[PDB]
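Notes follow the structure.
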Amino acid sequence: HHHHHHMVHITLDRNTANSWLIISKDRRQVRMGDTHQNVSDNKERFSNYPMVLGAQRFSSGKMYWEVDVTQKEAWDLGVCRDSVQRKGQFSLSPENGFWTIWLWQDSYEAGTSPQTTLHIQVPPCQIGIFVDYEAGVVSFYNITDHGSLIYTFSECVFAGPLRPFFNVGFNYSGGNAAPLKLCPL
Ligand SMILES: NS(=O)(=O)c1ccccc1OC(F)F
């Protein structure tokens, strides 16, 4: 792909984080802590899952960023509406305001309803995410495999400002402690 020139500097919004997450000083990395991180509760925090939003809001234009997923067993990545549900149980779907892909149990899937199997020959260590607001497109790229396309959501109905979306996943296995990291431009 040739989307690299739309690169944006994403930072994580601490106030939206699940209370077990640990965000680095530079707001560019996040991982699952082994306990509650001693923060007050608020209406923005994702309560049920290890999720956090980017601080940036997008309502027009083309945007691109990259995320490092090295040695993780489970994660979700993409964008979502600013007004997505924060509390309780929900599925990641465009109907609920999410445009995402994930790794889970050794398979990659797009967060359609129902979910779509992805075909990845080279397990990615870094993912590129491209949003074209006007066109209604969210695309995912395999940076480890020379930028090959993973998935395109088209005919998106954003219906609001978009925020970068992250889920570090649970660590029931002891094999999923590694962070998500926003990669430098
Ligand atoms: N398993 S846990 O108690 O450490 C936990 C941590 C963050 C969010 C949800 C959660 O548990 C359950 F709601 F899924």
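Just remember, in the structure tokens the first chain shown is A, the second B, etc., residues are 1-based per chain, and ligands are 1-based in the order shown.
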
I'd like the contact shell of residue 85 in chain A - 12 Å cut-off, only C-alpha atoms, skipping same-chain residues fewer than 3 positions apart - returned as a PDB file with C-alpha atoms, in the first residue's frame.
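Okay, this is what ended up in out17.pdb:
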```pdb
ATOM      1  CA  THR A  16     -11.154   5.578  28.885  1.00  0.00           C
ATOM      2  CA  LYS A  43     -18.458   6.730  32.957  1.00  0.00           C
ATOM      3  CA  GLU A  44     -15.804   6.587  30.130  1.00  0.00           C
ATOM      4  CA  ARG A  45     -13.928   3.418  31.330  1.00  0.00           C
ATOM      5  CA  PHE A  46     -14.551   0.126  29.582  1.00  0.00           C
ATOM      6  CA  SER A  47     -15.711  -2.045  32.558  1.00  0.00           C
ATOM      7  CA  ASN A  48     -15.874  -5.647  31.220  1.00  0.00           C
ATOM      8  CA  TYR A  49     -12.837  -5.941  28.861  1.00  0.00           C
ATOM      9  CA  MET A  51     -10.039  -1.894  26.280  1.00  0.00           C
ATOM     10  CA  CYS A  80     -14.932   2.866  16.915  1.00  0.00           C
ATOM     11  CA  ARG A  81     -17.538   5.583  17.326  1.00  0.00           C
ATOM     12  CA  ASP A  82     -16.911   8.016  20.153  1.00  0.00           C
ATOM     13  CA  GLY A  88     -21.438  -4.370  30.441  1.00  0.00           C
ATOM     14  CA  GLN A  89     -21.230  -7.029  27.731  1.00  0.00           C
ATOM     15  CA  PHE A  90     -21.313  -6.296  23.981  1.00  0.00           C
ATOM     16  CA  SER A  91     -20.034  -7.735  20.670  1.00  0.00           C
ATOM     17  CA  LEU A  92     -17.606  -5.907  18.374  1.00  0.00           C
ATOM     18  CA  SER A  93     -19.668  -5.197  15.231  1.00  0.00           C
ATOM     19  CA  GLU A  95     -23.976  -2.269  14.242  1.00  0.00           C
ATOM     20  CA  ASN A  96     -22.478  -1.500  17.731  1.00  0.00           C
ATOM     21  CA  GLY A  97     -20.080   1.145  16.310  1.00  0.00           C
ATOM     22  CA  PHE A  98     -16.840  -0.907  15.900  1.00  0.00           C
TER      23      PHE A  98
END
```

Just the strand (DSSP E or B) stuff from chain A, please, per backbone DSSP, written as number ranges by chain.
A: 7, 12, 21-23, 29-32, 51-54, 58, 62-68, 75-81, 98-104, 107-110, 116-117, 126-132, 137-142, 148-153, 162-167, 180-182

Range 163-178 of chain A environment, 7 Å, only C-alpha atoms, sequence neighbours closer than 5 positions dropped, as number ranges by chain
A: 31-32, 50-54, 56-58, 71-82

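The interatomic distance for the pair CA of residue 29 in chain A and atom 11 (O, counted along the ligand's line) of ligand 1 works out to 21.4 Å.
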
Using only C-alpha atoms, which of the listed residues (A:30, A:185, A:162, A:12) sits closest to residue 132 in chain A?
A:162

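Comparing the minimum interatomic distances between residue 107 in chain A and each of A:120, A:143, A:182, A:157, counting only C-alpha atoms, we find that A:120 sits nearest.
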
Residues at most 8 Å from residue 137 in chain A, counting only C-alpha atoms, excluding those fewer than 3 positions away in the same chain, as a PyMOL selection string?
chain A and resi 130-133+152-156

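Minimum distance to ligand 1 across A:136, A:184, A:33, A:114 (counting only C-alpha atoms and all ligand atoms) occurs at A:33.
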
So which residues touch residue 142 in chain A within 7 Å, counting only C-alpha atoms, skipping near sequence neighbours fewer than 2 positions away, as a PDB file with C-alpha atoms, in the first residue's frame?
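part_2.pdb, freshly written:
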```
ATOM      1  CA  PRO A 124       1.830 -10.197  11.836  1.00  0.00           C
ATOM      2  CA  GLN A 126       2.841  -5.021  13.341  1.00  0.00           C
ATOM      3  CA  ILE A 127      -0.611  -4.048  11.919  1.00  0.00           C
ATOM      4  CA  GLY A 128      -1.304  -0.915   9.808  1.00  0.00           C
ATOM      5  CA  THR A 144       5.511  -7.980   8.641  1.00  0.00           C
ATOM      6  CA  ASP A 145       4.447  -9.248   5.128  1.00  0.00           C
ATOM      7  CA  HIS A 146       5.444  -6.143   3.046  1.00  0.00           C
ATOM      8  CA  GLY A 147       2.130  -4.348   3.801  1.00  0.00           C
ATOM      9  CA  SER A 148      -0.187  -7.049   2.355  1.00  0.00           C
ATOM     10  CA  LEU A 149      -3.951  -6.424   2.779  1.00  0.00           C
ATOM     11  CA  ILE A 150      -5.639  -8.239   5.687  1.00  0.00           C
TER      12      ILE A 150
END
```
